[PDB]
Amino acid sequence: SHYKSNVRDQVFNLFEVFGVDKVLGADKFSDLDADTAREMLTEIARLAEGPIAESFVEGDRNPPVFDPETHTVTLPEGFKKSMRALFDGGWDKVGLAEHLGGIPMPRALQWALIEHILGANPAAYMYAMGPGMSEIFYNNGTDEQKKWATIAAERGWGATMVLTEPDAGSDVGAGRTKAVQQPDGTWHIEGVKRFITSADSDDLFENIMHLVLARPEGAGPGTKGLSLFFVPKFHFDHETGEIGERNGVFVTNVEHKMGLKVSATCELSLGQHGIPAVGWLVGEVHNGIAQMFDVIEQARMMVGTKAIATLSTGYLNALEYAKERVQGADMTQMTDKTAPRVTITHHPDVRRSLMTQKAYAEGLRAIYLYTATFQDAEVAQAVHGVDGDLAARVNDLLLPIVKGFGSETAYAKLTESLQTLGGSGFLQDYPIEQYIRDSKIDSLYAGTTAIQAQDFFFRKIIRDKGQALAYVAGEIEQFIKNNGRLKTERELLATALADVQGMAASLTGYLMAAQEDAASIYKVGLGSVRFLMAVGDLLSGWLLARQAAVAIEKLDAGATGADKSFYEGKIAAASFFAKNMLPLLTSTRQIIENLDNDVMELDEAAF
């Protein structure tokens, strides 16, 4: 019971703030109503708090063991029992397309449900992403491959995404794994891939679908020359699904990691043990990097949501501790050393810390759910009035923030959660130090923060001609320009919005200067990550303020009890964030406006 959920805040976002319930019971969501949506959330949260979180500690303390002769890993029993609970509930098929056995839902609800698993035992969701991959394979496959995809979903096959080599991590286009075409149309895959999550998974599944990037013999260089291949761990009867002889793809190593230990991260050898790794060209077209980005987009969304889920339970653990921990006198009585001892929530620094954890946790939850409301054309239309093309671009804009800003913030603020526990925070008896360790990776896999910030600026703004960015900017301007109990917050958001506008203009300026002085492009890189974090801070403060506006209406209408307390908390968090976090963007804008290339010209030997 390390895991502390927050269904109340999820439902508040989904229904009171974004109005996702407007599509429930109609059109694609004809057979799922708002009441059923709430029950699913409570139901998955109960499961996550119980059987899923049961093995969170066991997975870390008793991690998988590799047998190098069998090329298999053994997972701890308790974690396998949590996996079966997940499957027994159909939760690995939430959001899956109906024709694959799934229950149709808005993506905003899907990610709200997944948050609970990510918070309770994130590696369990990763192992359980096979059906989601089946659906992507289906959408990209031939009619015949669609039959395989349908079999794989029904049988709950696991799956991996196989890009990375020792020399090709961020630079995916540098991969050397080759594909050799056979007369009958299959391919033989030959190479060694690195850091593959779930490349083996004990006996959780009867098969694993490896989606592998490889370069066909004679194809061009870079990512443009790569193709994507279905490489099953086991050959199988293409009609019935029956498992056949082992295919030539074997795990040859399993890493020892800082955290996320129960997730087997593996070296994957294809065609190196005298058995060919047969692969099938996905969709029988050569378009690998584009096809795989369907998968990368899901991964990046999941990692951000993972980081955010972990910070939320980190905060709630710190809050529960602080409420019961007696230490010291009220500061108003610090001189009187017979004064009553007080619980530490009375101390200002603890309150500063708890409100920092809360505002960022709840602001990040708003960000990923907001992002998810642009992931269905029909929800984007109903809740935002935006057509499908703009909705896809806005979602593409927000993904590197969910991932990049979410991962970095969660990890940083978990520092505060741990500090709230004092020395006990450093003990394994409490979950926070594992939160920190499990979440450090989120800034690295699915593309590093620097790669996130590069994607945001060059592809999601510049190549987009700023359309999505402009749309979101306009929604922030509209909120600022609309009671008067939010006057200070709106003034602080106006400055923050102008600051982010300034950063954007400055970075664009550097880019166009690179028409004349190539070296000027470096300034964009120097400021890329700070720009991303600034936008994320802006979105958090804006969405918190929106939440405060709804909380004010509900308090004015007569909210009582725990509702009153909740809405009061939203008002305090939006105000705190605007006064304590947003002003720093002014300084960041001025730093970005004065970047120079001194640090680039410096001799490497001077570091």
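One rule holds for the numbers: they count along the sequence shown, beginning at 1.
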query	finding
Absent coordinates for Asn483 in a third or more of other compared entries	yes
Chain break class at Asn482/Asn483 - deposited residues not modelled	1 to 3
Higher-scoring stretch by recorded Cα B factor average, 381-389 or 316-324	381-389
347-355 set against 151-159, stretch whose average Cα temperature factor tops the other in the entry	151-159
Highest recorded Cα temperature factor - choice among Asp455, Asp200, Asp517, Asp438	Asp517
C-alpha B-factor winner, where the candidates are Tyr360, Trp91, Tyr411, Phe195	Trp91
Position of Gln434 among the chain's modelled residues by C-alpha B-factor, lowest, middle or highest third	lowest
Lowest, middle or highest third - CA B-factor, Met331	highest
Chain thirds of CA B-factor: placement of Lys487	highest
Third of the chain, ranked by Cα B-factor, where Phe87 sits	highest
For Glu568, the third of its chain into which the C-alpha B factor falls	middle
